[PDB]
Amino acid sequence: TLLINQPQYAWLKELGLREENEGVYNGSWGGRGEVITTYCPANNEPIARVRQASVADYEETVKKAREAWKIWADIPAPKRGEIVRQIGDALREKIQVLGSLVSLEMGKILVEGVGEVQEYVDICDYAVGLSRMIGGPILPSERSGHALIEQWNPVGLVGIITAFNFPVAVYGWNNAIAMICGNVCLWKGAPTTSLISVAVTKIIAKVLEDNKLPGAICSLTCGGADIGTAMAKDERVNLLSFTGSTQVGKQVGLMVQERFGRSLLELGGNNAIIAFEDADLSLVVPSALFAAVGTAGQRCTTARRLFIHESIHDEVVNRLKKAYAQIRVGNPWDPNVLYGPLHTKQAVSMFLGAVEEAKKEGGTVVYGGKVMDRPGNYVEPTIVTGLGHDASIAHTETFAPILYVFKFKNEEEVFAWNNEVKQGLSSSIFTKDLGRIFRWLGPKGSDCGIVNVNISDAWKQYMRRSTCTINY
């Protein structure tokens, strides 16, 4: 029986959810495509159903969004920022139940579910002010009586494809900034977080309808692979923002490039921690634990590779092993719990395979490596030592709490080993040596977009620039 039909989950109805939910919103709610059931990863029980977009739904929705844009693009940016402010306030009102739904359907602990909704709220609060800052300079022409104007306009329709692990806030960022920039949006979320997508869209739709705005400004088309591919290939989708796996993202980027569209790609990858000989272990161990096991190792920034100096290697591994043992585990929406399940059964399979492949490559499991004997998709947070830095399994990005630990002797080699990684998303170093930090942050250092040490024009990405020369 569906969780939403059990009295103990009656709070779900506060988000306007029912047994079967419309998964298409374009000003009207509908869905003639396949009906999907999503499941709670903490107990593998069905929660509720969503009727996804058909091809026809997608086509209709794109057309309606583009018609809505004619109205929306004419609303001045600060007034669009006011609408985004109101979306923020509406999320505020629902933050506990929406955060609870994030934990229920996705599996991250309650403080993280609520925190993700809060992030979207904070983004909306930020966008309000940013909406008053959109514009380009009037530059002087070389010719007298001529004006040189850097003009910024909406791109039109921004399609947004998001992933399971941040099913609210990635959409939130894209939506908020695309909206103040005068674009309309079309959201396709992860199918396994469809209820979350629907719940967020219901909140936004009410704000739009209360303001007598066409709902298709924030359209929703729940669906699987065929909907995502359609967006990628659709010339009417002026900008496609994709967050997800590298394999899918690469193909999305190629499809967009083939039709001369624009894309924003967040593909994540491997994240490394490097603890040098002089690191403060009081920081390294709790940092590595949180970065490794937080959200059950399913973050884009999850630490999967830990490089430790030979001297402190064993102590750090020991203290990690001790730290891992005291990790509290349960239903993620129970305020007591610190560690929840993996998002799907498939991820549990990937976890087991990764552990096996790691052993078959020469690694020793010094902690965990097993599925937990309990309902749901729970696995033990795992530490593997003895692997070689060039190990194939280590370079692959399995969304599971497996920490691969590598030793090193000097700065030169470990820096080389890391710069040999391409997909690198973030690098976190722990050292007290200043010259070393500079080298790692500078031109010859990390290639990562995010670098951490011992721990503004974003709107232009959603607009198109023109140079306008005007003769008085």
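A residue's number is simply how far along the shown sequence it sits, counting from 1. Definition used throughout: the rigid core is the maximal C-alpha set that superposes within 1.5 Å between two forms.
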### Query
Looking at C-alpha RMS in 5 other deposited structures of this protein with the core superposed, is it 440-448 or 414-422 that drifts more?
414-422
### RMS Cα shift after core superposition in 5 other deposited structures of this protein, winner of 400-408 and 431-439
431-439
### Message
Between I455 and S456, what class does the number of missing deposited residues fall in: none, 1 to 3, 4 to 9, or 10 or more?
### Response
10 or more
### Task
Tell me which of 347-355 and 170-178 has the higher mean C-alpha B-factor in the deposited entry.
347-355
### Query
Once you work out the mean C-alpha B-factor for both 440-448 and 62-70 from the entry, which is higher?
440-448
### Query
Of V405, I429, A42, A48, which one's C-alpha B factor is largest in the deposited record?
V405
### Query
Which one, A127, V155, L208, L320, has the peak C-alpha temperature factor per the PDB entry?
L320
### Summary
Chain-relative C-alpha B factor for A56 (record values, thirds): the middle
### Query
Going by the entry, which third of its chain does the Cα temperature factor of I36 land in?
middle
### Task
Sort the modelled residues of this chain by their C-alpha B factor and say whether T295 lands in the lowest, middle or highest third.
middle
### Query
Sorting the chain's CA B-factors, does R132 end up in the lowest, middle or highest third?
middle
### B-factor third for the C-alpha atom of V337 within its chain
highest
